[PDB]
Amino acid sequence: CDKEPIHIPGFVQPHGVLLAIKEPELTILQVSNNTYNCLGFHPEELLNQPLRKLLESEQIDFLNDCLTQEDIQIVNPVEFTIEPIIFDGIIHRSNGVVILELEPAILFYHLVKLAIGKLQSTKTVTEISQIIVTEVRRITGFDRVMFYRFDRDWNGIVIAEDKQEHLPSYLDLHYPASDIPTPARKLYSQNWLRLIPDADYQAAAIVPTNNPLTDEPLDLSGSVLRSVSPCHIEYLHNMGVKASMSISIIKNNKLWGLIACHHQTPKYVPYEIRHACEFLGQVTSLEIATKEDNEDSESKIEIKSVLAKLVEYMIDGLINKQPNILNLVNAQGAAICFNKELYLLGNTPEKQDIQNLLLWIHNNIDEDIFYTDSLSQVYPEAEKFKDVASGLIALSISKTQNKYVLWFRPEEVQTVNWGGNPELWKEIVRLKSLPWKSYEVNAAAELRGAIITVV
Amino acid sequence: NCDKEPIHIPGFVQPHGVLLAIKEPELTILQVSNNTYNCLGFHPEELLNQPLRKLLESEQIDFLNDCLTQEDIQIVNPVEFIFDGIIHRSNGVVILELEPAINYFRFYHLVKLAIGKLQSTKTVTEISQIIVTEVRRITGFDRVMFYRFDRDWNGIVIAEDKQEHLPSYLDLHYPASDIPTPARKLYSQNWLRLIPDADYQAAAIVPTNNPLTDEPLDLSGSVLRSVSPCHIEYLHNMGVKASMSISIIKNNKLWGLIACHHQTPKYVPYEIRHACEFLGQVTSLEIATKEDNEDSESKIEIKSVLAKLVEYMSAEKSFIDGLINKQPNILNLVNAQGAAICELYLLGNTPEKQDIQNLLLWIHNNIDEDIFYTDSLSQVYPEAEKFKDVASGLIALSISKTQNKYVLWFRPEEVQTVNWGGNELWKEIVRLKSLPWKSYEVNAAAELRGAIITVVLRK
Ligand SMILES: C=CC1=C(C)/C(=C/c2[nH]c(Cc3[nH]c(/C=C4\NC(=O)C(C)=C4C=C)c(C)c3CCC(=O)O)c(CCC(=O)O)c2C)NC1=O
Ligand SMILES: C=CC1=C(C)/C(=C/c2[nH]c(Cc3[nH]c(/C=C4\NC(=O)C(C)=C4C=C)c(C)c3CCC(=O)O)c(CCC(=O)O)c2C)NC1=O
């Protein structure tokens with residue numbers, strides 16, 4: 017599945033025409049199969065003929081001036097005419117042979141400028157998600173538009189949705205990482221927009237399948253007409269999705285998420301709308317990456333500040355004054371266990387249970403800092419106090435002196451709603487606290503030296 | 016003072032257009048610019064609490080209602096009433121601005142080519158030169174300058190495309206006083222601004238207050254809004270009789286301005302205006318992407334330097350020998366040219385012994401923080417003037433304030449020659486001051502203190 021090269025299917029979607037054209041002669045090296053019905057010329061009539069076979073010398077002068085540019089895509093939304105049939109066209113190099121793609125014409137900043145400032149006023153990522161799904165639905169008119177964030181395991185989840193009122197909601201449904209394989213994620217990373225105008229499309233083959241000069245298969249990663257994987261066309265047929273459009277939300281040059289637009293009737297997206305939506309991806313990708321670092325750096329500076337108030341306080351100021359020890363790592367409870375002395379704070383396991391956990395940590399843990407979001411899986415007795423200390427951060431200030439600090443977090447029962455995973479599927483996570491942030495555990499490890507310093 | 020001027024409600028508008036403040040949804044023309052009688056054939060008193068239908072054809076107000084049904088009217092701008109109309113709701117009454125209506134295939138083609146050239150850039154300076162060149166090629170203004178703002182809100186001409194004979198204002202800093210806070214906010218709201226004729230006589234709106242609510246007409250969204258007198262006096266002072274500006278915006282803050290200037294009067298059509306405004310939006314997103322990626326690269330390499338330093342401290346008998354002798358060393362962490370780990377251990381271009389000893393004396397006697405930094409050590413410690421050549425910028429890292437365990441970084445003085453346009478030329482020499490410390494460098498210094506204490510307590 018991840019081994020399958022979707023980027024070189026050897027086929028294209030019927031609605032457009034593909035022409036791999038070598039340069040400088042502009043000889044037509046490769047064509048699709050729908051070159052006849054769409055362009056009139058039969059596929060054998062076009063092969064190895066120079067591009068002047070179907071284009072005017074003035075349009076060819078235009079295309080050659082486009083070839084002079086450092087990147088041809090600066091001119092990309094080209095308009096050619098070939103019965104004065106009109107075609108929007110896409111130009112891009114791949115394996116040297118310039119791919120040209122023709123989609124028939126339909127007879136833009138105002139559409140986006142509302143959305144740009146509407147995104148500029150956002151505060152949280154979820155606001156960006158809801159605003160962008162609503163705006164993409166209003167611009168496109170798709171029956172369904174879902175913002176779909178990837179997680180640390182590259183699982184999907186419908187973080188936002190805007191749909192037909194009669195359609196079922198897929199909100200906050202998780203999907204397995206298998207549903208979007210690695211080659212698909214790479215093509216989404218390299219393509220701002222992906223389009224499947226009709227799920228019932230009969231693929232037209234690229235004849236010859238290989239480039240006549242190089243024998244290499246034609247690379248179609250940047251091709252807007254690239255054939256869909258049947259493994260996904262069958263999935264669209266299962267859902268009734270006769271039209272599909274994905275906008276790749278990218279952050280740190282990697283696929284932060286997707287915006288999927290499913291339409292029950294088959295739907296062709298005008299280039300002026302594709303320009304409006306592909307531009308909206310750059311705005312959403314920037315507003316998300318900017319809002320995310322603000323929530324993280326402000327969280328990181330805040331954890332750094334409460335440690336500073338703790339250091340100036342100093349056992350006295352750790353458990354007493356307003357920025358207390360459990361504020362440092364956002365714990366629910368805490369226990370300072372110095373020798374036979376025990377200082378509880380917040381909600382903690384009873385003193386016998388804490389002494390048992392301390393004997394366990396003295397036997398097992400061999401590091402100054404140890405942390406888990408589910409203590410029950412390593413210290414099974416913790417199941418009795420899962421509701422006060424499902425999560426633990428042990429800070430062994432001194433192994434020989436029996437000096438420990440134990441942060442405690444309550445169980446966080448999670449109800450993960452999958453669309454199947456190896477129909478609806480609830481997954482009930484339990485004995486698991488809210489996971490520790492990395493900076494919280496780093497501040498907890500730093501607190502050991504901050505405690506030793508005040509001797 | 017100048018920062019407390021309500022420029023958004025002059026009560027007047029630029030003569031070249033006609034403003035009509037109409038109350039929704041009756042299309043009742045509550046307010047008109049006084050110049051209606053000349054360019055419209057209708058006296059200002061003829062359209063007061065009158066329906067808009069008396070002035071516009073019913074075939075055109077039928078489209079206007081379909082525009083008003085939308086959540087945002089601006090999608091329909093410019094309406095074709106021969107006049108170009110701009111509709112935008114503001115302060116109750118919707119505003120209808122009418123301008124005379126002035132093929133153009135090369136214009137849109139080079140517009141998209143300019144958008145692609147902006148997307149092909151890799152540094153902010155390339156975006157600056159490209160956007161000024163393209164806006165000049167699109168508009169024909171005699172002068173086009175990119176005007177980046179300072180953290181002190183000083184301007185600076187970072188890019189310029191001007192006439193061959195015109196003076197170059199490049200690199201000239203300008204005082205923040207030139208752009209008062211309300212003007213900065215209005216430029217943060219209105220993305221494009223035009224004064225077609227600096228010598229214009231303002232057209233008053235009758236009534237000045239809203240007839241139904243005794244409120245000023247909020248011209249903040251108006252494209253015909255009259256300029257404040259001070260800006261027009263400056264336009265007379267340097268003789269540019271027509272101006273355009275494109276707001277560059279990042280994080281909802283005015284990151285800069287693309288100032289256009291013309292010796293002759295110029296009347297930019299709404300099509301070229303909207304194209305330049307979209308180019309400014311593209312330039313804003315591109316500059317934000319470049320700056321964020323550059324900050325991410327510098328932060329990642331600084332974290333890698335810190336990780337290598339921690340690995341050296343964990344793989345050497347004394348951590349000072351892993352911080353100094355090994356490469357990357359402690360200088361790589363904060364981009365310093367000198368260092369001194371206090375005993376004492378020098379590294380690189382540092383003040384000589386007894387000079388650094390006096391610096392540690394002043395540090396123990398005065399500084400009262402875990403970490404301290406300044407780009408001009410001499411102005412808080414005069415003795416540093418004797419060694420400003422090697423240590424004008426300092427980072428004092430208080431590993432242990434009590435027993436005097438310190439780490440100091442040093443930067444040489446970098447003399448700056450700030451060529452000001454005002455308090477004509479006003480060159481200002483800045484000395485006794487090193488290059489400014491970047492915030493991530495100070496963060497790396499504090500993280501180095503924490504990692505040093507951790508590896509020390511490992512012993
Ligand atoms: C309710 C459940 C549910 C799931 C799981 C789901 C997954 C899923 N699979 C794909 C495409 C999707 N899926 C696959 C491949 C596979 N995927 C597989 O599960 C297997 C076995 C293969 C094949 C080996 C590919 C290669 C692509 C990308 C195709 C393209 O965009 O051209 C998308 C993107 C759809 C679009 O952009 O139009 C989604 C959301 N959608 C849903 O609604
Ligand atoms: C020779 C070069 C040159 C300079 C330096 C210049 C100044 C200048 N001052 C302002 C803002 C600027 N400046 C002021 C005000 C003031 N101005 C003052 O000198 C004082 C003392 C005040 C305050 C009382 C205002 C009110 C505005 C905003 C005007 C507006 O758009 O409403 C702009 C941006 C306005 C626009 O986009 O047209 C410019 C270009 N224009 C030029 O052509």
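Same order as they appear, the protein sequences are chains A and B. All the letters of the first sequence, read from the start, carry residue numbers 17 to 98, 103 to 127, 136 to 342, 349 to 456, 477 to 509 under the deposited numbering. All the letters of the second sequence, read from the start, carry residue numbers 16 to 96, 106 to 126, 132 to 371, 375 to 455, 477 to 512 under the deposited numbering. The beta-carbon is built from N, C-alpha and C at its ideal position, and this holds for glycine as well.
Between the region 22-35 of chain B and the region 48-68 of chain B there are three or more C-beta pairs closer than 8 Å, enough to call the two in contact. Rounded to the nearest angstrom, the Cβ distance from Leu426 (chain B) to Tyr405 (chain B) is 7 Å, consistent with a contact under 8 Å. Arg502 (chain B) sits in a helix when the DSSP states are folded into three classes.
Interface with chain B (8 Å Cβ-Cβ cutoff): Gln158 (chain A) is excluded.
The Cβ atoms of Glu39 (chain B) and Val252 (chain B) do not sit closer than 8 Å to each other.
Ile224 (chain B) has its CB nearer than 7 Å to a heavy atom of ligand 2. Counting along the chain, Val334 (chain A) sits inside the alpha helix (DSSP H) bounded by residues 299-341. According to DSSP, residue pairing for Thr406 (chain B) in a beta bridge involves B:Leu426.
With a 10 Å radius around the Cβ and a threshold of 16 neighbouring Cβ atoms, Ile144 (chain A) comes out buried. Note on geometry: alpha-carbon atoms of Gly26 (chain B) and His194 (chain B) lie some 39 Å from one another. Counting only Cβ-Cβ distances below 8 Å, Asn280 (chain B) has contacts in chain A at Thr318, in chain order.
Considering only beta carbons, the part of the region 286-312 of chain B lying closer than 7 Å to chain A consists of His303, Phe307, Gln310, in chain order. Residue burial is scored here from C-beta neighbours: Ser197 (chain A) has fewer than 16 other C-beta atoms within 10 angstroms and is therefore classed as exposed. Using a CB distance below 8 Å, the part of the region 499-511 of chain B facing chain A consists of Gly503, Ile506, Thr507, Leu510, ordered along the chain.
Between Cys289 (chain A) and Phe170 (chain A) the beta-carbon gap is near 4 Å, inside 8 Å, which marks them as a contact.
Rounded to whole angstroms, the Cβ separation of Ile22 (chain A) and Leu215 (chain A) is 7 Å, and the two are in contact under 8 Å. Residue-level contact check: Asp108 (chain B) does not touch chain A, since none of the beta carbons of chain A fall below 8 Å from its beta carbon.
Assigned with DSSP and collapsed to three states, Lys486 (chain B) falls in coil, not helix or strand. A distance below 8 Å between beta-carbons, with the five flanking residues on each side excluded, links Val334 (chain B) to the following residues of its chain, in chain order: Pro357, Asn361, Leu362, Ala497. Within chain A, the C-beta atoms nearer than 8 Å to that of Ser149 (chain B) come from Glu86, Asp87, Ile90, in chain order.
In this chain, the alpha helix (DSSP H) harbouring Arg165 (chain A) covers 153-168. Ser325 (chain A) and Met273 (chain B) have their C-alpha atoms spaced approximately 38 Å apart. Close to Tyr137 (chain A), with beta-carbon spacing below 7 Å, are these residues of chain B in chain order: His303, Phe307.
For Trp182 (chain A), the three-state secondary structure derived from DSSP is coil. With respect to the 8 Å criterion, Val117 (chain B) and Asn280 (chain B) are not classified as neighbours on the basis of their beta carbons. Nearest Cα to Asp200 (chain B) within the set B:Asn183, B:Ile160, B:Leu83: B:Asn183. The beta carbons of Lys146 (chain A) and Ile159 (chain A) sit about 5 Å from each other, so the pair counts as a contact at 8 Å.
Annotation: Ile44 (chain B) to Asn322 (chain B) spans about 51 Å, alpha carbon to alpha carbon. Counting only residues of its own chain and dropping the five nearest sequence neighbours on each side, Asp421 (chain A) has a CB closer than 8 Å to the CB of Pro444, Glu445.
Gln435 (chain A) is classed as exposed because its beta carbon has fewer than 16 other beta carbons within 10 Å across all chains shown.
Judged by DSSP in its simplified three-state form, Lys214 (chain A) adopts helix.
Going by C-alpha positions, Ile395 (chain B) is about 51 Å away from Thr162 (chain B). Short note on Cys305 (chain B): C-beta not closer than 7 Å to any heavy atom of ligand 2. Chain-ordered, the residues whose CB falls short of 7 Å from any heavy atom of ligand 2 come out as B:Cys17, B:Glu20, B:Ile22, B:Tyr198, B:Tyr203, B:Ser206, B:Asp207, B:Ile208, B:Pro209, B:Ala212, B:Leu215, B:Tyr216, B:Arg222, B:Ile224, B:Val256, B:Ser257, B:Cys259, B:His260, B:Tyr263, B:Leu264, B:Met267, B:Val269, B:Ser272, B:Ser274, B:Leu286, B:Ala288, B:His290, B:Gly453.
Under DSSP, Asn451 (chain A) forms a beta bridge with A:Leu201, A:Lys480.
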